[PDB]
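Undergrad: Residue numbers (this note's numbering), protein chains in the order written: chain A, 6 to 147; chain B, 85 to 259; chain C, 24 to 60; chain D, 31 to 236.
By construction, the Cβ of each residue, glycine as well, lies at the ideal position given by its N, Cα and C atoms.
Can you keep this structure in mind? I'll have questions shortly.
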Amino acid sequence: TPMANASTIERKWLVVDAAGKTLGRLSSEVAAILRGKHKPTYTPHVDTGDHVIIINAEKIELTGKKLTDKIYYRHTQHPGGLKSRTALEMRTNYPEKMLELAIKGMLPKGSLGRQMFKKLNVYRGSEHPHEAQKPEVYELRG
Amino acid sequence: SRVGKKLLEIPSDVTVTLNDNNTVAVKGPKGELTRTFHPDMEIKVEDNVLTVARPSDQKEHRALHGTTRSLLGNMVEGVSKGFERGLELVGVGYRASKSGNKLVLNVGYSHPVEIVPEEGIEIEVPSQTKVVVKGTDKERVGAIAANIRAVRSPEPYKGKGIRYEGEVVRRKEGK
Amino acid sequence: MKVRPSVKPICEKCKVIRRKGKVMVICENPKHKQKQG
Amino acid sequence: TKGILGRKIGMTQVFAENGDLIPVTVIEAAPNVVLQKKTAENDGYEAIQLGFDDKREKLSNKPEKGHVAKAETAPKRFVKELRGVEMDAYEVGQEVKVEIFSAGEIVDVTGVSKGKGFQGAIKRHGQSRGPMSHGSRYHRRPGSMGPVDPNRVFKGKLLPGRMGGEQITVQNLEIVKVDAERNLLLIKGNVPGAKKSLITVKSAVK
RNA sequence: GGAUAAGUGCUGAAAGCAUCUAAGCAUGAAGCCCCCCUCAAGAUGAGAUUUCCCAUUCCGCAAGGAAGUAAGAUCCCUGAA
RNA sequence: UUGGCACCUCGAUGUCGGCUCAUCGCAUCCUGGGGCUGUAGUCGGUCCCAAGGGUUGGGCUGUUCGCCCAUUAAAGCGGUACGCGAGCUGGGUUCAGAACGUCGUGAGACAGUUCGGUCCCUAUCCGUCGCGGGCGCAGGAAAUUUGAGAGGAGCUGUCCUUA
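What follows is the structure in structure tokens.
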């Protein structure tokens, strides 16, 4: 008969730089903390996670020939409405969304998964508009 | 039998500078140059002489060790003497000229053709046909020369078109 | 070209090389020019 | 880049230094006026507004009155917004007129097509009908909806609906004549939309 | 226009040569992303800009609620582009 | 494709061809870009990359297919229940009539032929095309707008000059 949290939460705000990082090994931590598995007061149905900021998304890294050969497909609901974008041009034009895609993929699915995605806030560069939240840095265990 | 193992003298009117880790810069009468190199490599200029080294023996380090020396030899040879390439051309109405710095070609088309050496390279037209590219970097020189040659590349039946002076053109029999 | 999986040299002057991970054959004789695919 | 907007009237014929007819469209563009002058610093893009009317105060409203009262003009009915033009040229309260253009400038024009209503596949999408004889009980109908395997109907299959009322552009038209005294343009050809309707004219996007 | 396919190459070693290739550079298609046209903030990530209205009255400890309104819109009516 | 096996379906999964409607693959018919040539040129052959778009009208036959006429840049190969019958037709196959040949003693029969022969259904759900209402978008309103994102379009000849 342990505790199961509800409205007894203190969601901090963390910050992460990505100057040389592999998005997969990074995202596998940011999603964990968005879900709250870095806390003792974890429950599967409450979103005990913690808000996250990411900077210099453009400045991520990859292994191998992914920039040339990794392909983000995306289909409309129209015939022949398949579309493809390489990781390179995703990185250039908008790395926000490719980070978001990876993290969304490794998040749980459902309303709760979406709501913990809503805590994420990715930004190109090193600007961080969310000064008011008084966040702190989070180095990566990996 | 090895390239990068060797050494490259630095005769005179030359100044080499490790501006940083690897961003070499060279100077001299013809002008100057710069290159960035792979940082695992090791470069040491002694008095009048340049030495190169690699940490290890892999397919990568070996190749880099060779390329760096060959490339630096090209750099200094260009800054001292400069690089040059000739180009002949063969036809009837085939000829060349210049519009100032630019190059102009009346070869085989309804129109003429224009070329622009924008990058501190010069071009010389001692004859209507013969042409010379002249600069400091083999890379850029050969690039421009190939840009030229692609215009009207030769033909095998009648050896026509632009043609490197030291070229061995293949031949056919016009039936 | 002569695209084919059975890539070989033909004459002695034919010279096999590798390029972009693919196998190719070089010679002055362009009919000896080959590639895998 | 340039542009103006007025109202369509009708069509007629005009000669050109010859017997050469011209099917002409007639537009009145009473002098349009600038209303707002947007910027990338606040609005995220450079652009201007243009008003074309002289409404009644019984028809206008307070916010419109203020938004125009920045300038020294009256409320307007047809207000729209031009993009990608020279900005330093224009000002607020500044009127623009037909003598911008001349008698040979090409144009892209824009308007709102006529309303044809809830029409069928043929008139709407140009399909072919079935035979009217030889025992057919099929005509004026859209066709099959698709194959069987996907258990559904693909998108984009074309069907009846409210044909018309679409924003349409027509490119590479040619101006024929101007009457700045009457505030009139005379354009080679025909345009989308019905009489009395709004028409935004633009320097052609070549 | 930009990046590319096949192809063409420049420089260049591994492999004292040669080599379009591993480093590094450039070209190169009706094709890809744009340029063209249309829809589009339910893009629940719901955006931005301009302008208008004012911050009233009753309860209710507060929470909050209703009950008249402003700007404005509609019911209703004449009609159609 | 011809097939083999009999796994769903015989308390019913309608079967050829055609019409309308398209859609996908590319092993590309044309158009585009190239290599090689026993490529002089013009035309071509073959191979490679390319599926964006386009890819005819008639005669005969129920026909598919195919042959033929005349064109075209070309007159592509296939999949989608040999796409699509609660969307159409129903000429053929494949009911009952009758007939020819043939077989059978005969009743009758023939992937042999011929003539003629009823194609039902008010769309509940999803889906698709259009149209409205409600609420939301930390006050309430009128306008103009950004653009994520979506869709559309995307073909080609002939002549003149170069000559």
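1) Which complete beta strand (DSSP E) runs does the segment 42-128 of chain A hold, if anything under 3 residues is left out?
2) Which residues of chain D have a Cβ atom closer than 8 Å to the Cβ of residue 134/A, listed in chain order?
3) Please report whether the beta-carbon of residue 83/A lies at a distance below 8 Å from any beta-carbon of chain D.
4) To the nearest whole angstrom, what separates the beta carbons of residue 203/D and residue 139/D, a pair I think is in contact under 8 Å?
5) Would a check of beta-carbon distances place residue 131/D closer than 8 Å to chain A?
6) In three-state terms, what does DSSP make of residue 53/C?
7) How about residue 61/A and residue 24/A: do their beta carbons lie closer than 8 Å?
8) Starting from the beta carbon of residue 191/D, find every residue of chain A whose beta carbon is closer than 7 Å, and list them in chain order.
9) Measure the C-alpha to C-alpha separation of residue 159/B and residue 217/B and round it to an integer number of angstroms.
10) Going by the DSSP bridge assignment, what does residue 22/A pair with across the sheet?
11) Touching or not, the segment 27-45 of chain A and the segment 100-111 of chain A, by the rule of three or more beta carbon pairs under 8 Å?
12) Report the neighbours of residue 186/D on chain A: residues whose CB is nearer than 8 Å to its CB, in chain order.
13) How close, in whole Å, do the beta carbons of residue 65/A and residue 20/A come, if the pair is a contact with beta carbons under 8 Å?
14) Where does residue 62/D sit, in a helix, a strand or coil, going by DSSP?
15) Tell me the DSSP secondary structure of residue 94/D in three-state form.
16) Hey, how far is the Cα of residue 214/D from the Cα of residue 193/D?
17) Can you tell me whether residue 52/C is buried or exposed, with buried defined as 16 or more other CB within 10 angstroms of its CB?
18) Is the separation between the beta-carbon of residue 120/B and that of residue 111/B shorter than 8 Å?
19) Indicate whether the contact test is met: 3 or more Cβ pairs, each with one atom in the segment 181-188 of chain D and one in the segment 81-89 of chain A, closer than 8 Å.
20) Where does residue 117/D fall in DSSP's three states?
21) Would residue 43/D be called buried (16 or more neighbouring beta carbons within 10 Å of its own) or exposed?
22) So which of 97/B, 142/B, 90/B has the shortest CA-CA distance to residue 128/B?
23) Given a cut-off of 8 Å on the beta-carbon distance, is the pair residue 166/B and residue 114/B in contact?
24) If we count the other Cβ atoms within 10 Å of its Cβ and call it buried at 16 or more, is residue 56/A buried or exposed?
25) Would you identify the three-state DSSP class for residue 154/D, choosing helix, strand or coil?
26) How should residue 11/A be labelled, buried or exposed, when 16 other C-beta atoms within 10 angstroms of its C-beta is the threshold for buried?
27) Looking at the strands, I want to know which residues DSSP matches up with residue 220/D.
28) Could you tell me which residues DSSP puts in a beta bridge with residue 190/B?
29) Compute the distance between the beta-carbons of residue 206/D and residue 216/D, then report whether it is under 8 Å.
30) By DSSP, does residue 246/B sit in helix, in strand, or in coil?
31) Roughly how many whole angstroms lie between the Cα atoms of residue 236/B and residue 194/B?
32) Once DSSP output is grouped into helix, strand and coil, what is the label at residue 151/B?
33) Apart from the five residues on each side of it in sequence, which residues of its chain come closer than 6 Å, Cβ to Cβ, to residue 117/D?
34) Can you give me the C-alpha to C-alpha distance between residue 250/B and residue 54/C, rounded to a whole angstrom?
TA: So, to answer that:
1) Entirely contained in the segment 42-128 of chain A, the beta strand (DSSP E) runs reaching 3 residues are, in chain order, 56-60, 76-80, 87-91, 125-127.
2) The contacting residues do not exist; residue 134/A stays about 16 Å from chain D at best.
3) Under the 8 Å criterion on CB atoms, residue 83/A is classed as interfacial with respect to chain D.
4) Taking 8 Å as the upper bound for CB-CB distance, residue 203/D and residue 139/D are in contact here, some 6 Å apart.
5) Judged by the 8 Å Cβ criterion, residue 131/D is not in contact with chain A.
6) Secondary structure of residue 53/C (DSSP, three-state): helix.
7) Yes.
8) Within chain A, no C-beta atom comes nearer than 7 Å to that of residue 191/D; the closest sits roughly 17 Å away.
9) Answer to the nearest angstrom: the Cα atoms are 17 Å apart.
10) Residue 22/A is bridged by DSSP to 60/A.
11) Under the Cβ criterion (8 Å, minimum of three pairs), the segment 27-45 of chain A counts as touching the segment 100-111 of chain A.
12) The answer, in chain order, is 83, 84.
13) Contact doesn't hold; Cβ gap of about 15 Å is too wide.
14) Strand, per DSSP.
15) Three-state DSSP puts residue 94/D in a helix.
16) The alpha-carbon separation between residue 214/D and residue 193/D amounts to approximately 30 Å.
17) Burial call: exposed.
18) Cβ atoms of residue 120/B and residue 111/B: not closer than 8 Å.
19) The answer is yes - the segment 81-89 of chain A touches the segment 181-188 of chain D, with three or more Cβ pairs under 8 Å.
20) Coil at residue 117/D, not helix or strand.
21) The residue is exposed, with fewer than 16 neighbouring Cβ atoms inside 10 Å.
22) Of all alpha-carbon atoms in 97/B, 142/B, 90/B, the one lying nearest the alpha-carbon of residue 128/B is that of 90/B.
23) Yes, the pair counts as a contact, with Cβ atoms nearer than the cut-off.
24) So residue 56/A counts as buried.
25) Helix, per DSSP.
26) Under this definition residue 11/A is an exposed residue.
27) Residue pairing by DSSP places residue 220/D opposite no residue, since no beta bridge is assigned to it.
28) When DSSP reads this structure, residue 190/B sits in a beta bridge with 179/B.
29) In contact: residue 206/D and residue 216/D (Cβ atoms closer than 8 Å).
30) Taken through DSSP and simplified to helix, strand or coil, residue 246/B comes out as strand.
31) Note on geometry: alpha-carbon atoms of residue 236/B and residue 194/B lie some 13 Å from one another.
32) DSSP places residue 151/B in helix when its eight states are reduced to three.
33) Contacts found: 76.
34) Using only the alpha carbons, I get a separation of about 23 Å.
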